[PDB]
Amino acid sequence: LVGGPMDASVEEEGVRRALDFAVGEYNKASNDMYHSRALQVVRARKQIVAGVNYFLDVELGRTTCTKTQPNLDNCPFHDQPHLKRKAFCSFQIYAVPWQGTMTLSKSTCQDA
């Protein structure tokens, strides 16, 4: 899921880590000879953006439809013992709903 900016307690470890890190990046680039530190966090918000990794192990069959034909209404698996083909695969899909997207991060397949 997703969740627009919301106030966070300054005690939250995540905020502590984020603060240090930023005060880190700051001293690393500040035009001063002296190291600076947080005097006061006046405001602290967080937003959680998320994703789902799906791992599906799947068995596939060869159908009758063709990669040419648009009519993918119905495609039985094959009839005759010599046209039927079959593969096993471990797909790994990275989705992130609201962004409306999917990625076949990794696909491993064995034919037999």
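So that there is no doubt, residue numbering starts at 1 and follows the sequence shown.
Between the stretches 62-70 and 47-55, it is 62-70 that shows the larger average CA temperature factor. Here 71-79 and 33-41 are compared by their mean Cα B-factor, and 71-79 comes out higher. Each of 88, 21, 91, 98 has a CA temperature factor in the record; the biggest one is found at 98. Residue 8: CA B factor in the lowest third of modelled residues in this chain (values from the PDB entry).
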